[PDB]
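Provided below as structure tokens are two forms of one protein chain, presented individually as structure 1 and structure 2.
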Structure 1
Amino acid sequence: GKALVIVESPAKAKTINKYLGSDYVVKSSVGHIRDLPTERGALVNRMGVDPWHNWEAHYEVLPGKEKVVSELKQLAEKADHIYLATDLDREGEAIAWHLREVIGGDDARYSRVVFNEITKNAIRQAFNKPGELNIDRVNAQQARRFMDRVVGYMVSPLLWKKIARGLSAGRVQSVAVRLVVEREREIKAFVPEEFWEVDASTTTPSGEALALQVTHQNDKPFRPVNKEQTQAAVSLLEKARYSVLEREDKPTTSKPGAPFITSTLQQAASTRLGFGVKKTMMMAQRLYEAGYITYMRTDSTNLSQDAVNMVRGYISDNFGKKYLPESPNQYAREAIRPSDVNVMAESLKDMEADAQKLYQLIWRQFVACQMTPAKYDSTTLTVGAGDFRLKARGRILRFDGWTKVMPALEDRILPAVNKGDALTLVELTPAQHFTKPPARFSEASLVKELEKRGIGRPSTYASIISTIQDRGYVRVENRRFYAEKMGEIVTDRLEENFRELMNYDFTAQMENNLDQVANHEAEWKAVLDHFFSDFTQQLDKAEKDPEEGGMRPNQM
């Protein structure tokens, strides 16, 4: 009469089993057990969803899983209660729902447990206060699944006819491609402009070197556009008398960043470790299922009281009181953090070197976010030379604070000077510059852009960036995105005939609509109806000849 606990993977099963007694029987479902299949009637059969019959679905047990279903059913017959312990996101809720639907029995037989990490305490708490399956969240997940299916299965065939066979369309994927295509065109159309900078090397009364940058001339910003103007300025600067107009000394500080969320982990791992978003998320999942970090799909910077107490104790013992803020730093269901601050990257079991590196990144970010700010003594010198104004900036680290937990180190240290001091000109160095086009997207900046526009979600950031590449619309080279010709071809056609679908605001709004379903503020089938109404309006027109406003063929 034990209890049956179901999780999605053998890795999760092994970890969670360490924290569940003999009264519990833990079993993996070996992944998703049931899902959508992988003229109009044939279309509906392929999609597994019927937009014309109120979204009736035809789910099918995944290949090779009938055996898993049988195994779970037999285990269920011997259990007094069943605990669905899938991951906490909407996808996890839907997996739990599918499990309940295939196993059967009364709903009172099931409970849905939620935890942000697999630890003795988190599991104990999750099973002490078990919840119920949330159908609104399930409906939100399926609405997303159905919209995505409709776009992929109904737009793609149009692309095969009009542009080229094999092309794949995606609801959000196409919008992400649009971002890259626009950037490509901005760069192609950019016309650089020439401008010069002039630096002066001087010496203080004590003879110390002081480098200055010319900032103004006649009280206006200094920015010569050619050699002639630069040389004329250099001529005046060579003859000028230099003196310190003002010396400003003020204490400044640098605060540590918030603990990671999915988006920021992807950005940091890419920029700091050179890890692609796919690699980062795969390793993060392994760390999470092994019980080393909190759940890797989150947009919350919240930290539990226990987690904060844990890390503050670590800081106090290992760095000292000067590194401990009076009260915890609050940044805000939880950020991505170590499950146990006392577990070092070097101690991780069955984790590859790069996975240890990711853990270390997460660990240092978490520890640093609860440490005190770094303190600097900043100095800005303003120098006058005839009608010119020059500046020099520097700073001295006074207290490392949170930077102590980061790798050992560079900031400029200006010499001691007093307002009114004369400076001796040693050298002048003009430098030609050119304005630059918008920077290309990097994996880090693309994720950031998706987040900024409200198009990406923790569960989709990685998938979006990966798909747009495999589908041949964009490519990454030298760590930067480049739009492919086909990317531009498809994007133009989609913008022309599927304006609403391609619109950034509408796409962000759809994410909001799904959240509304999840929070019982909207009904899933009605949301799908509205989506489909607007969609079919775009599709019907697009299928027509170009002369009638239909999609332009890929020719000439």
Structure 2
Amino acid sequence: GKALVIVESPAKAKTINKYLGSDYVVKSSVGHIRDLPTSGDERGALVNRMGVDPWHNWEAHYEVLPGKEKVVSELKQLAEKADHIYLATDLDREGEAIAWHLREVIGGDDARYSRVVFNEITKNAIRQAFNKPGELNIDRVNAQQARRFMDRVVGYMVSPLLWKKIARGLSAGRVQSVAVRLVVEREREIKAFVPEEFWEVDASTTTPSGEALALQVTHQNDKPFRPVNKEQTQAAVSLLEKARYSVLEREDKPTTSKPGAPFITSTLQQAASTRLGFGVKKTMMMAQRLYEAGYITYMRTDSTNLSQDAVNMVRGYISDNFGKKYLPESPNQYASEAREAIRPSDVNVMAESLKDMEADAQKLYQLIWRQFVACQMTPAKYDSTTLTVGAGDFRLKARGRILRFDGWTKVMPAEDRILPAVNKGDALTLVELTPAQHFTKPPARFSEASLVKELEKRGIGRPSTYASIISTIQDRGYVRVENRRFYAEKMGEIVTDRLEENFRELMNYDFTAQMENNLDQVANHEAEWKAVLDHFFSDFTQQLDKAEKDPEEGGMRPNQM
């Protein structure tokens, strides 16, 4: 009697079947099978639409997804002819919930099911995973459901208020709204910024040997040099033109540069954006394909941990392919659960050898591979130099450095300012002085890169949710991406102001981050899901009830006049 192994996608089914013997039949569910209604007397109508009942202790009406009836039948029919069912969904909470939905729709004794967990699809990982199969974790499922229901309530109860008060078709979302707020705030900072004039002066000189030495003026009378207009710069240039220049100090020190940690979801998104020009969506879609194909570890992670076997494999690669000088004494540890960073499943698999992956996916694999190999290599070593020069009442500086050992940079694609030899007390001959006018700059616009970064920093959102927050926002008319930077739209500003005014708690960054903590508490049996939802709902209805009132009574302002 064979066993039934169920996964989310045909691609994952294919890969996992490579490592499962004849006693297993693998089948995919082709994505989610059940969720809240697709949605296509007033309270009753609302509950019907939501698919959840906040007033009746969160009773839910899960419905099989449009067009999934046939796979459910295929699955039930296959479930019959099996002696055990292994739920092999992805390792995160959403994956736990999908496994749960499968178990619920298929039915049977819970003892007929096992939940297997792995962070990559390789022979050895599948072996370990099936050698020690666990049970469905209901706390993690409930944490998912809690998130799901909260999101649903906000969306379906706040949005209709927006239709009445501002405009039809608008949306609000527990997360989407807070993300928009960040962009709107940045927009207003930029619009309010008043740039200030400041000047710099550089000096080109020659050493006693005749070599060029470029210096920057740093101090005048022992105070930082920063003239604010042309008059002041010219007065300074006048003095600098006549001064005698000499080297006050030469400071030589060895410096190093360290490789970064291996990627996690947020840093991968950032590096793929800045280095490859890939949008967050593209990146996550390709990462998922690489993972389901068995080439990298799971792509939703916030851990920088590396298994002992993974570290062994990469140190072996470094020793064989770069040499002893590139291998640290002991492995580099980057951590702080059984989770791991985003890394190649097999270090001897090169991006060029990837089967059935487009060029851009190979480029992402390369990005991941290089980061993983580099993170276990030695630091690059430099000989840095700082020269301090005196000229009458002025102080000037020049900094340089020469690479002495490439270390981890050897694995990066194949250039430092070098300073001439001079000794303390040497006279320098002035050749030219170049003043330059500059102005202060407003805060930088959010890039798709910096935004993810900001959400992480504030504890808002998670690896499973940093994804495609940046699509509707744009569809929706709230913010738009232009020339690789975000711009708030007026409707974004209009909605944000209204939400901040009447849904202060919901829009508050710290409260939003706290909710992620609350959900983790549920996942870890430190809180109960319906109680957590009860508290959320009590606070939410307080805001909503008030928001619905006339503005004269403190309700949300209409979008008009």
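Every residue number counts along structure 1's sequence, beginning with 1. Here, rigid core means the biggest group of C-alpha atoms that superpose within 1.5 Å across both forms.
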The form solved without the DNA: 1 or 2?
1
Picking from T467, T403, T203, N302, which residue has its CA shift by 2 Å or more between the two structures, once the rigid core of the two forms is superposed?
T467
Cα of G64, core superposed, displaced between the two structures by (Å) 1.7
Once you lay the two forms on top of each other by their rigid core, how far has the C-alpha of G291 moved between the two structures, in Å?
0.2
